[PDB]
Amino acid sequence: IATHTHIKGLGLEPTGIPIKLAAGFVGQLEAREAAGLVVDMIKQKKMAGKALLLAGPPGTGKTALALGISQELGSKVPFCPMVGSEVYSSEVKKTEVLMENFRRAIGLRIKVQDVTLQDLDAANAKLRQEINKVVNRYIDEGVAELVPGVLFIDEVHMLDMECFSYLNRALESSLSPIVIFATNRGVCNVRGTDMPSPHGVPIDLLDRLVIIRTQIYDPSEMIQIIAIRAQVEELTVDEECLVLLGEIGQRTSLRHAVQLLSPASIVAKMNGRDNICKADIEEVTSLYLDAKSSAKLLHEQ
Amino acid sequence: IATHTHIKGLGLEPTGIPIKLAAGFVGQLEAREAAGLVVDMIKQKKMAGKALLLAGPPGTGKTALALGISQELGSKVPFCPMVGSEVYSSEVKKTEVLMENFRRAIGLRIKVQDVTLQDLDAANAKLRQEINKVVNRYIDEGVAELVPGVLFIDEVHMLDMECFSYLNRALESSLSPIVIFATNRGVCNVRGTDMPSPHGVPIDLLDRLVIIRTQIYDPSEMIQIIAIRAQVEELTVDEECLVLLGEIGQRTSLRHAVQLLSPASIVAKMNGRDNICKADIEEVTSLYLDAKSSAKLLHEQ
Amino acid sequence: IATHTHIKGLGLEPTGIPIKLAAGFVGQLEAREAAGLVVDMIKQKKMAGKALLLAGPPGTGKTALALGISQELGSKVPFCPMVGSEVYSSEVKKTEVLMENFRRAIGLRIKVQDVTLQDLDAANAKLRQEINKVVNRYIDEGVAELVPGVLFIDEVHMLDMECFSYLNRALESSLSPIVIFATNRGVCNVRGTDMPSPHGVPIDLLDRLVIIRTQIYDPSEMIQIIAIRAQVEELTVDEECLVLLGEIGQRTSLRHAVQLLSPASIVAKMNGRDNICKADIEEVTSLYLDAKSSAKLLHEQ
Amino acid sequence: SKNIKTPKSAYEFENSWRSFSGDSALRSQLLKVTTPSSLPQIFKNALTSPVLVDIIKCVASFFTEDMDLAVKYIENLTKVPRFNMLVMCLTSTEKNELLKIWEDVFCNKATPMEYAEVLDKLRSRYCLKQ
Amino acid sequence: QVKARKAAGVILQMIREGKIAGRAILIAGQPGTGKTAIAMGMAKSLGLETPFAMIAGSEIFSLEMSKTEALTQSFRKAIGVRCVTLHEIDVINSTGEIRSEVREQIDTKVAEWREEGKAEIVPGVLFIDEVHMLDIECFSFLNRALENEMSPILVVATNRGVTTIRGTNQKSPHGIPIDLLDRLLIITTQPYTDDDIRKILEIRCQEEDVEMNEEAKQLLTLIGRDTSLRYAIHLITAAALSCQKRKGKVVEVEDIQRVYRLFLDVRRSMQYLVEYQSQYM
Amino acid sequence: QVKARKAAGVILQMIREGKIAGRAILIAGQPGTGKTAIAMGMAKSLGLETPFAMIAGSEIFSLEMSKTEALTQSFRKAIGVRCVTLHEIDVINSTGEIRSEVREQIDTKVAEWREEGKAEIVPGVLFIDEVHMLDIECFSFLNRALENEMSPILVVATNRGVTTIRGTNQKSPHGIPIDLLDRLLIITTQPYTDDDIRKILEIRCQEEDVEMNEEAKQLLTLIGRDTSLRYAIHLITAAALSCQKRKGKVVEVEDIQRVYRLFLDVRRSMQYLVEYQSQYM
Amino acid sequence: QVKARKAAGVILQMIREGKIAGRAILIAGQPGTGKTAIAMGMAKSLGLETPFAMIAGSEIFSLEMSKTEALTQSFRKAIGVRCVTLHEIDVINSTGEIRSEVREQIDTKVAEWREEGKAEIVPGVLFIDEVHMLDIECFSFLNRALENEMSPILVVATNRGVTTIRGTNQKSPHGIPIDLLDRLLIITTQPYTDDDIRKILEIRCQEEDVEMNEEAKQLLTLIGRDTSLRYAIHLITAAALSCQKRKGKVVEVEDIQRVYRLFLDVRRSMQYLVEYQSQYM
Ligand SMILES: Nc1ncnc2c1ncn2[C@@H]1O[C@H](COP(=O)(O)OP(=O)(O)O)[C@@H](O)[C@H]1O
Ligand SMILES: Nc1ncnc2c1ncn2[C@@H]1O[C@H](COP(=O)(O)OP(=O)(O)O)[C@@H](O)[C@H]1O
Ligand SMILES: Nc1ncnc2c1ncn2[C@@H]1O[C@H](COP(=O)(O)OP(=O)(O)O)[C@@H](O)[C@H]1O
């Protein structure tokens with residue numbers, strides 16, 4: 001989460017409505033209000049047995065929304081991001097890494113030292129049910145407390161049918177954290193089978209998902225985002241270059257207009273000026289292409 | 001074979017032409033005559049190095065014709081039914097399941113103690129040629145008599161080239177039983193290959209098959225079939241509901257109409273009557289759909 | 001390789017322009033001159049890191065040119081022909097078969113007697129690197145002398161990405177032989193990928209390939225080829241018989257036309273004629289068909 | 001009306017023949033609802049000699065009704081596969097009764113010479129008396 | 001579900017008179033239409049003492065043990081010795097390996113000890129949920145296991161019409177072989193009606209201690225009819241906390257409108273995602 | 001099969017003169033057209049003492065032993081010393097690994113006994129039915145084994161046109177690699193005519209002790225033409241049994257009519273079930 | 001190259017300022033366009049002390065080693081300690097270096113040296129030449145290994161457009177997962193211009209000790225522009241040997257015309273053989 005260090009929280013009023021600019025979040029009012037409602041649902045344990053899905057385009061603040069939810073849950077609540085491609089591995093079974101990340105998000109505090117549940121298995125190991133039983137005895141005795149973290153899983157369609165089914169049964173456990181899937185595809189066959197399904201998820205897991213929409217940004221909001229990332233990286237910018245950066249973010253993605261800020265500062269330093277100018281953004285945009293445009297130029301030429 | 005109890009042989013005249021109603025069989029005169037001719041071929045050891053094929057629609061006598069062939073050879077003669085799916089048991093090799101059924105069909109009597117060739121392997125459990133040569137020596141000595149049974153194999157297209165090759169090699173054995181394949185498929189790809197072939201069988205095995213065609217039934221013959229099945233089940237019926245049962249069999253299948261009889265008796269008992277009224281049949285066919293109508297309902301919405 | 005027995009060299013003038021008929025070769029002037037220039041490139045150390053690719057239709061003398069090159073380099077410089085289908089072996093890896101032929105192609109003479117490096121690799125059984133160190137120490141002492149040979153790899157499209165990448169790696173070794181790919185496929189998908197490429201060879205290896213074009217033959221050149229091939233097998237043959245054999249060669253392939261000569265001689269020996277006649281070829285071409293005509297005949301039936 | 005429909009296949013023809021087997025009236029009118037041109041497409045070697053004799057006799061039932069159609073139908077029966085072995089497969093009883101039907105029905109004085117010549121030309125190759 | 005429950009009752013009478021033999025039951029229909037409720041209802045209606053086992057789906061092909069071992073253990077789970085099941089006897093005598101001695105010992109015991117309250121046996125109702133995922137290997141094992149004496153009453157569930165059999169190319173109804181389908185009494189579950197949706201939402205309101213007026217109830221019934229029952233059930237909790245944020249005593253129609261605006265359903269989000277992906281990519 | 005037998009005789013005269021060299025034979029024609037008869041006659045005409053080995057293309061996938069092990073056993077079976085084959089020497093000195101010491105023992109012992117003018121090595125014939133079923137590894141092993149000086153004459157056989165080489169994507173004639181196909185003398189076997197069918201059915205009727213009039217014989221010849229010969233061979237036995245049930249002394253056209261009506265050929269049964277499947281969907 | 005080298009300089013200043021954490025570099029131009037040259041230029045411009053770990057995507061899948069073993073070996077080889085790499089440290093303390101406990105020991109011991117300041121650490125440059133050939137497991141391993149603070153600077157190279165990742169059916173740019181593409185700084189290398197081709201051919205001539213007049217040099221530049229630079233580099237050697245054979249000294253235009261007539265470029269031979277393969281079909 002090196003790229004969302006500015007996300008302090010959802011930025012909600014006492015009444016639950018989001019503020020237009022607060023806690024690092026600028027825009028995206030519907031999804032922020034929905035995330036606030038879901039946070040209130042986690043706080044009183046009404047989401048036990050369900051999970052969250054963020055359905056929206058790329059560079060739409062889904063990972064920022066999950067980080068805001070995890071920050072809003074508590075002070076040092078853990079946040080485990082991962083990708084579906086990470087589940088496949090040559091050295092460990094896919095199910096094993098799935099439970100590894102799943103249990104890594106279950107934080108506990110013992111009266112005061114804080115540690116994640118997967119560290120207990122890593123030290124004591126496979127034998128996870130016994131670890132669950134002893135931490136249940138600990139928290140029932142009151143000497144320790146549990147905090148459910150946030151297991152964020154981007155590219156949910158990449159997960160296999162075995163992965164989806166195992167997550168469906170594994171959500172039944174009382175100690176489990178909130179699992180936040182994220183997707184941008186829609187129609188996609190479930191990996192490992194030929195049946196189409198919404199968002200590449202089977203029906204048996206889609207039964208228990210609470211969906212939230214995230215909407216694309218207008219240019220002004222995107223320019224505000226690039227400005228916020230400019231201040232957080234200790235860079236200096238102006239409207240003449242920020243407008244071009246916003247156009248570049250619109251035409252490719254906000255994840256490629258926020259990656260270009262640092263080399264713009266570097267090429268500005270090579271040009272002998274400490275402040276980024278429009279020529280710097282033109283130069284770095286000419287040099288470094290996005291993945292889609294780069295592949296397009298590769299296959300066309 | 002909980003069903004097929006009413007069948008007690010082909011029920012033929014001494015001249016060999018079948019009787020229109022005898023030994024449980026209704027109609028099906030051409031296939032019954034051919035089955036009697038194959039029985040006479042088996043009696044004179046002429047079917048060695050050959051197999052039988054019953055090609056026809058589902059619910060047209062085929063499994064019942066094989067049982068008639070097995071019954072006509074003698075009361076002690078066994079009948080081993082199986083399906084093509086049954087070979088794919090994971091715990092035991094497919095060729096082993098094939099040869100196990102192959103040896104289960106082979107009957108012997110030691111003089112009297114009636115044993116299959118599978119039991120002699122189980123008591124002396126592979127090592128196949130030892131028991132084969134031993135029983136050859138026994139029947140040459142006259143201490144034992146060989147009665148080959150009927151290895152019936154429905155859904156023959158599900159078998160693969162390894163299974164068909166093993167069957168083709170195993171038919172060369174002198175002590176083999178009569179392999180009655182049964183099929184309801186025309187041109188089909190042999191499993192494990194790509195090329196279509198007749199009945200999903202390779203040409204090499206088709207160069208030794210005696211093929212018999214089984215015709216589908218009229219409404220009258222189907223009504224007689226359901227009447228026989230109802231009488232053998234100790235169910236009391238009338239012609240009024242039997243016409244409806246014949247209609248249901250003609251619309252979906254004969255097997256479905258036969259299987260609806262027991263819940264019809266239960267629904268009649270629920271309504272305080274022993275006789276199966278027409279309304280009972282309407283209730284049961286409204287409740288229990290056949291596979292095809294159920295799949296048509298599931299395909300919608 | 002008894003078919004190429006008549007070839008003894010490229011048959012070039014001192015100026016390097018080919019002779020029309022010399023050293024068993026007839027015609028094929030452009031590819032002969034190109035192979036002569038490649039031989040002169042091989043006499044100096046300028047061929048290092050490169051390979052040759054004979055691209056042309058079948059029966060145009062690609063293997064003939066490879067054997068001519070291997071004869072031209074030295075007195076008995078070794079020639080190790082193979083095909084791509086030879087690489088796929090169940091007993092040993094594809095890479096192992098590749099290295100086996102690759103090291104069989106290398107020759108070493110020691111003060112004097114000659115031996116292949118495969119003999120050292122197998123008898124004195126890390127093995128490749130250790131024996132390469134031993135041979136490098138031996139040749140640097142000025143007591144062993146290297147005669148590199150020719151690894152002729154017919155049907156290059158039959159190989160896959162692993163084999164091509166491994167050959168690209170192994171060509172950079174100092175003691176490598178002159179790998180001569182041969183192909184008759186225009187554009188083909190490299191096995192293991194869905195990328196069309198020229199000649200079934202990947203782009204990474206195609207850079208280091210000197211390509212030679214071989215031409216289809218005039219009728220008179222095919223006549224002369226069949227004449228010399230019949231003469232070397234100690235057959236006498238009529239002119240009109242040669243015309244019929246050349247017509248058969250243009251019809252199907254030159255390989256079939258040369259292979260028909262022995263059965264033509266046997267058919268002529270029957271009926272007591274030492275000289276082969278036209279009716280013998282009219283009989284033999286009817287008796288034995290080529291592969292394409294036979295496949296067409298089977299597909300008609 | 002709905003009981004007598006066009007068969008799409010030899011399966012359909014044989015299953016219509018079985019149901020209508022005992023009643024000739026629904027067999028003599030069966031041949032009217034089908035085109036004889038489709039007959040060699042309907043039968044794709046699925047035609048036995050008793051069925052051939054039955055169909056010829058049924059065409060004889062309505063020979064005089066539509067004589068051209070009869071001499072079309074029998075002609076179209078010549079276009080079925082395995083016809084030669086089929087007529088070779090006839091037993092002596094069917095051969096004799098076909099000869100009787102020839103002298104009675106298909107070679108009566110009522111028919112004109114135009115249809116009679118074609119019928120006798122076909123009957124030279126059906127019966128194969130020798 | 002009235003027709004499906006009546007069919008379950010008729011099958012239960014077939015079980016009680018013993019006329020069902022070498023036969024299984026299938027419960028078809030759209031997903032989430034209370035199929036497991038029918039299965040457990042039949043199992044309890046036979047008797048609370050009788051065992052039950054819901055094992056199957058894609059749960060098989062993911063456990064540490066093989067598919068055949070899991071199927072064997074679940075099959076032995078659904079045979080109650082009176083209560084203790086045969087699988088419990090296997091765990092006491094211990095996955096590891098399954099010992100064949102137990103069948104001989106318990107056969108001797110039921111031959112000897114019966115009508116004493118020691119070693120009598122009742123057959124349970126096995127339930128194989130989502131059977132279309134099972135391989136042809138699993139169906140062959142099912143055929144070999146059903147023919148054994150003292151087997152459980154097999155029940156299977158499916159929510160697909162015609163599929164490829166897992167492990168072969170040939171298609172079939174419900175992803176089951178024809179030799180199985182010629183023995184299955186197929187119960188079909190109809191979709192929920194308006195009076196069923198309203199009653200289910202009222203039961204969930206009573207369970208979760210949520211009060212809401214009749215306008216909200218009717219609009220939520222309409223939403224559940226149009227969209228999904230589980231979506232409406234999620235809306236109950238979400239609107240309850242939305243009203244709690246306003247310090248309200250009773251959930252109002254504005255809470256349902258707000259939460260329907262916020263939390264999308266599957267179909268609406270599917271529409272809004274394809275409306276991005278088809279055009280912008 | 002006159003032209004094919006003539007070509008086989010030409011290859012026999014080739015083999016006697018040693019002109020076959022590294023080449024082999026392919027028998028390419030429709031199934032059941034005297035392939036194995038041609039190969040066995042070839043091996044006999046080489047000499048009655050000559051060894052012979054036979055194998056089907058699918059037999060190597062029996063799974064008792066690997067593909068190459070079965071091919072090695074088949075190759076060793078088709079070599080002799082005189083008598084004993086090298087497979088028999090392997091069995092005497094035994095499956096295990098075929099150690100190279102047995103080849104050295106064979107070389108030294110046969111050289112010593114050839115010096116004494118008492119025994120010599122003989123190459124035999126190996127026949128491979130259904131060569132299109134062979135894998136590409138099996139073809140590579142075939143080339144490797146034929147490279148050996150002790151190798152026997154190979155006679156592959158196919159009943160397939162252009163098809164994919166099994167285990168690869170390349171389409172080649174007969175499902176064989178090209179590099180083998182440039183060195184195969186392809187003998188083609190023509191389909192049987194009326195007179196050949198009549199002679200074969202006459203010989204089979206003589207063998208079966210069945211007597212038939214000329215009308216039934218001609219009708220059966222027509223059946224054999226239009227429905228292949230093997231179906232007529234089956235009909236001979238079926239009609240003999242029908243005549244026996246009729247208490248006759250000769251099988252007539254009535255019996256052939258009955259048996260043709262009853263027992264279908266592959267074409268009519270395939271047509272009947274294709275027509276059903278067309279109706280059914 | 002001009003723009004690509006300037007981009008490499010900007011990235012060089014970025015790594016030198018310690019701003020690369022959580023990123024990698026992608027060089028996504030056409031093949032044979034100085035990808036590896038830019039890689040070694042980056043490694044040299046950081047410093048001669050910094051190690052450079054070359055690897056290509058096809059090499060890891062050799063059967064002597066696993067994909068993860070080759071990847072972790074190349075990963076550890078790119079990290080220098082002072083001069084010695086971590087793979088050399090494993091060789092000293094002990095792919096072949098398959099040893100996990102002493103990997104933990106090495107990590108702990110170099111960690112205490114790093115904290116104590118007795119021996120510093122320098123991250124190098126890990127170049128992966130054919131990253132599109134890496135499987136999804138390989139990409140997952142790379143994503144995991146980059147998270148370590150001890151990781152090197154990752155550079156990947158490819159010449160594929162949009163394609164499907166190996167081991168998956170999903171299409172993406174360059175056969176890389178999106179989660180890695182979102183971090184990669186994508187350099188693109190332009191094709192060589194006429195002046196660049198002329199210059200490169202001049203240095204290749206002077207290195208080869210080959211003399212040409214200006215007309216031959218400009219014709220060879222035209223040949224390189226039309227077909228390929230590497231083909232022209234082959235023609236330099238071929239024309240030099242052709243002139244040496246004719247007893248000339250300076251390589252003339254006629255020698256280049258002869259060599260172009262003899263040796264075919266890839267596209268010309270491909271077209272000539274495609275004509276035959278289309279004709280013979
Ligand atoms: N509403 C927002 N407020 C602040 N930053 C945002 C917002 N939406 C997106 N971003 C920024 O977008 C960048 C890329 O992350 P994100 O857009 O969340 O990726 P994705 O949507 O693919 O998960 C981050 O710097 C993130 O903080
Ligand atoms: N000739 C017959 N007489 C009586 N019942 C029959 C007859 N033929 C079939 N049946 C009934 O039809 C049912 C289904 O057909 P079956 O004999 O199993 O053939 P198939 O294998 O084609 O399904 C059987 O259970 C049997 O009761
Ligand atoms: N230029 C030539 N001069 C004389 N004989 C030739 C020439 N080219 C080919 N042949 C003969 O024709 C045959 C054709 O095979 P060949 O062309 O070598 O196969 P490939 O093209 O696969 O290498 C060879 O066996 C050789 O004897």
# chains A, B, ... in the order shown; residues from 1 in each chain; ligands from 1
call {"tool": "interface_residues", "arguments": {"of": "chain D", "to": "chain F", "cutoff": "7 Å", "atoms": "only C-alpha atoms", "output": "number ranges by chain"}}
result
D: 9, 11, 45-46, 48, 82, 85, 88-89, 91
call {"tool": "interface_residues", "arguments": {"of": "chain E", "to": "chain B", "cutoff": "8 Å", "atoms": "only C-alpha atoms", "output": "PyMOL selection string"}}
result
chain E and resi 3-4+7+10-11+13-14+19+22+28-30+68+136-141+143-144+159-162+173-174+177+179+181-183+185-188
call {"tool": "write_last_selection", "arguments": {"atoms": "N, CA and C atoms", "output": "short mmCIF file (atom, residue, chain, number, x, y, z; two decimals), in the first residue's frame"}}
result
data_model
loop_
_atom_site.label_atom_id
_atom_site.label_comp_id
_atom_site.auth_asym_id
_atom_site.auth_seq_id
_atom_site.Cartn_x
_atom_site.Cartn_y
_atom_site.Cartn_z
N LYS E 3 -45.62 -28.28 -3.48
CA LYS E 3 -45.51 -29.45 -4.35
C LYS E 3 -44.25 -30.25 -4.05
N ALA E 4 -43.12 -29.56 -3.85
CA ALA E 4 -41.88 -30.25 -3.52
C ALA E 4 -41.98 -30.95 -2.17
N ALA E 7 -44.08 -34.03 -2.60
CA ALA E 7 -43.26 -35.06 -3.23
C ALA E 7 -42.32 -35.70 -2.22
N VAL E 10 -44.36 -38.12 -0.18
CA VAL E 10 -44.62 -39.37 -0.89
C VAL E 10 -43.37 -40.24 -0.90
N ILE E 11 -42.20 -39.63 -1.12
CA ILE E 11 -40.95 -40.38 -1.06
C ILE E 11 -40.70 -40.90 0.35
N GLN E 13 -43.03 -41.80 2.48
CA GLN E 13 -43.88 -42.98 2.63
C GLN E 13 -43.29 -44.17 1.89
N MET E 14 -42.69 -43.93 0.71
CA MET E 14 -41.99 -45.00 0.00
C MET E 14 -40.84 -45.55 0.83
N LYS E 19 -40.61 -49.63 -0.14
CA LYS E 19 -40.72 -49.85 -1.58
C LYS E 19 -39.57 -49.22 -2.35
N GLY E 22 -32.67 -49.63 -4.33
CA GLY E 22 -31.86 -49.38 -5.51
C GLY E 22 -32.28 -48.13 -6.25
N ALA E 28 -34.31 -30.70 -7.98
CA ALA E 28 -33.91 -29.74 -9.00
C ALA E 28 -34.56 -28.39 -8.75
N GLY E 29 -34.15 -27.41 -9.55
CA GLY E 29 -34.69 -26.06 -9.54
C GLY E 29 -33.59 -25.02 -9.48
N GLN E 30 -34.01 -23.76 -9.43
CA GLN E 30 -33.07 -22.65 -9.41
C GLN E 30 -32.29 -22.65 -8.10
N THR E 68 -12.71 -40.61 -3.33
CA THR E 68 -13.35 -41.87 -2.96
C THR E 68 -13.36 -42.04 -1.44
N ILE E 136 -17.29 -38.65 -13.14
CA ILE E 136 -17.80 -39.97 -13.52
C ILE E 136 -17.23 -41.05 -12.61
N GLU E 137 -16.01 -40.84 -12.08
CA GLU E 137 -15.47 -41.73 -11.06
C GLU E 137 -16.36 -41.76 -9.83
N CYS E 138 -16.84 -40.59 -9.40
CA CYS E 138 -17.70 -40.51 -8.23
C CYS E 138 -19.05 -41.18 -8.49
N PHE E 139 -19.60 -41.02 -9.70
CA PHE E 139 -20.86 -41.69 -10.02
C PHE E 139 -20.69 -43.20 -10.07
N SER E 140 -19.56 -43.68 -10.60
CA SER E 140 -19.30 -45.12 -10.59
C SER E 140 -19.18 -45.64 -9.17
N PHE E 141 -18.51 -44.88 -8.29
CA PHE E 141 -18.43 -45.27 -6.89
C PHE E 141 -19.81 -45.26 -6.24
N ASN E 143 -22.67 -45.90 -7.76
CA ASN E 143 -23.36 -47.10 -8.22
C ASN E 143 -22.85 -48.33 -7.50
N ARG E 144 -21.53 -48.42 -7.28
CA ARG E 144 -21.00 -49.58 -6.57
C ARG E 144 -21.40 -49.58 -5.10
N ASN E 159 -28.79 -27.56 -9.95
CA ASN E 159 -29.34 -26.30 -10.43
C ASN E 159 -28.81 -25.98 -11.83
N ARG E 160 -28.73 -27.01 -12.68
CA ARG E 160 -28.32 -26.86 -14.07
C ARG E 160 -29.09 -27.87 -14.90
N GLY E 161 -29.48 -27.47 -16.10
CA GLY E 161 -30.35 -28.30 -16.93
C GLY E 161 -29.64 -29.43 -17.64
N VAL E 162 -28.75 -29.10 -18.57
CA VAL E 162 -27.99 -30.07 -19.36
C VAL E 162 -26.54 -29.63 -19.33
N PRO E 173 -28.66 -34.62 -19.08
CA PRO E 173 -29.42 -33.77 -18.15
C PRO E 173 -28.83 -33.81 -16.75
N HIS E 174 -28.73 -32.63 -16.14
CA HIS E 174 -28.28 -32.43 -14.76
C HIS E 174 -26.83 -32.85 -14.52
N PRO E 177 -25.03 -39.35 -15.18
CA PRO E 177 -25.19 -40.36 -16.24
C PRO E 177 -26.63 -40.85 -16.36
N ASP E 179 -27.68 -43.87 -16.65
CA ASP E 179 -27.96 -45.02 -15.80
C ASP E 179 -28.37 -44.59 -14.40
N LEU E 181 -29.92 -41.49 -14.01
CA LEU E 181 -31.14 -40.74 -14.25
C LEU E 181 -32.35 -41.63 -14.46
N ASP E 182 -32.15 -42.88 -14.87
CA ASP E 182 -33.25 -43.84 -15.01
C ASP E 182 -33.67 -44.47 -13.68
N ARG E 183 -33.15 -44.00 -12.53
CA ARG E 183 -33.56 -44.45 -11.21
C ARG E 183 -33.92 -43.32 -10.25
N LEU E 185 -35.98 -40.29 -8.61
CA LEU E 185 -37.24 -39.57 -8.47
C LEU E 185 -36.93 -38.09 -8.39
N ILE E 186 -37.21 -37.35 -9.46
CA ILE E 186 -36.76 -35.97 -9.59
C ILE E 186 -37.84 -35.06 -9.01
N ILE E 187 -37.57 -34.49 -7.84
CA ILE E 187 -38.39 -33.42 -7.28
C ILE E 187 -37.96 -32.11 -7.92
N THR E 188 -38.94 -31.31 -8.34
CA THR E 188 -38.71 -30.00 -8.94
C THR E 188 -39.27 -28.93 -8.01
#
call {"tool": "closest_residue", "arguments": {"among": "C:274, C:221, C:207, C:121", "to": "residue 234 (chain C)", "atoms": "only C-alpha atoms"}}
result
C:274
call {"tool": "closest_atom_pairs", "arguments": {"of": "chain A", "to": "ligand 1", "cutoff": "6 Å", "atoms": "only C-alpha atoms and all ligand atoms", "output": "JSON lines"}}
result
{"residue": "A:3", "atom": "CA", "partner": "ligand 1", "partner_atom_place_in_ligand_line": "25 (O)", "distance": 4.8}
{"residue": "A:4", "atom": "CA", "partner": "ligand 1", "partner_atom_place_in_ligand_line": "27 (O)", "distance": 4.3}
{"residue": "A:24", "atom": "CA", "partner": "ligand 1", "partner_atom_place_in_ligand_line": "4 (C)", "distance": 5.6}
{"residue": "A:25", "atom": "CA", "partner": "ligand 1", "partner_atom_place_in_ligand_line": "3 (N)", "distance": 3.6}
{"residue": "A:26", "atom": "CA", "partner": "ligand 1", "partner_atom_place_in_ligand_line": "3 (N)", "distance": 4.6}
{"residue": "A:27", "atom": "CA", "partner": "ligand 1", "partner_atom_place_in_ligand_line": "1 (N)", "distance": 5.3}
{"residue": "A:28", "atom": "CA", "partner": "ligand 1", "partner_atom_place_in_ligand_line": "1 (N)", "distance": 5.4}
{"residue": "A:58", "atom": "CA", "partner": "ligand 1", "partner_atom_place_in_ligand_line": "22 (O)", "distance": 4.2}
{"residue": "A:59", "atom": "CA", "partner": "ligand 1", "partner_atom_place_in_ligand_line": "17 (O)", "distance": 3.4}
{"residue": "A:60", "atom": "CA", "partner": "ligand 1", "partner_atom_place_in_ligand_line": "21 (O)", "distance": 3.9}
{"residue": "A:61", "atom": "CA", "partner": "ligand 1", "partner_atom_place_in_ligand_line": "18 (O)", "distance": 3.2}
{"residue": "A:62", "atom": "CA", "partner": "ligand 1", "partner_atom_place_in_ligand_line": "23 (O)", "distance": 4.1}
{"residue": "A:63", "atom": "CA", "partner": "ligand 1", "partner_atom_place_in_ligand_line": "23 (O)", "distance": 3.9}
{"residue": "A:64", "atom": "CA", "partner": "ligand 1", "partner_atom_place_in_ligand_line": "18 (O)", "distance": 4.2}
{"residue": "A:225", "atom": "CA", "partner": "ligand 1", "partner_atom_place_in_ligand_line": "5 (N)", "distance": 5.6}
{"residue": "A:254", "atom": "CA", "partner": "ligand 1", "partner_atom_place_in_ligand_line": "12 (O)", "distance": 5.9}
{"residue": "A:255", "atom": "CA", "partner": "ligand 1", "partner_atom_place_in_ligand_line": "14 (C)", "distance": 4.7}
call {"tool": "select_by_dssp", "arguments": {"residues": "region 68-145 of chain A", "states": "strand (DSSP E or B)", "output": "ChimeraX atom specification"}}
result
/A:79-83,106-110,113-116,144-145
call {"tool": "residues_around", "arguments": {"residues": "residue 199 (chain B)", "least_positions_apart": "4", "cutoff": "8 Å", "atoms": "only C-alpha atoms", "output": "list in words"}}
result
residues 157, 183, 184, 185, 186, 187 and 188 of chain B; 270 of chain F
call {"tool": "closest_residue", "arguments": {"among": "B:129, B:193, B:252, B:15", "to": "ligand 2", "atoms": "only C-alpha atoms and all ligand atoms"}}
result
B:252
call {"tool": "interface_residues", "arguments": {"of": "chain D", "to": "chain B", "cutoff": "9 Å", "atoms": "only C-alpha atoms", "output": "number ranges by chain"}}
result
D: 15, 18-19
call {"tool": "residues_around", "arguments": {"residues": "residue 16 (chain B)", "least_positions_apart": "2", "cutoff": "12 Å", "atoms": "only C-alpha atoms", "output": "PyMOL selection string"}}
result
(chain B and resi 10-14+18-19+29-30+32-40) or (chain F and resi 241-247)
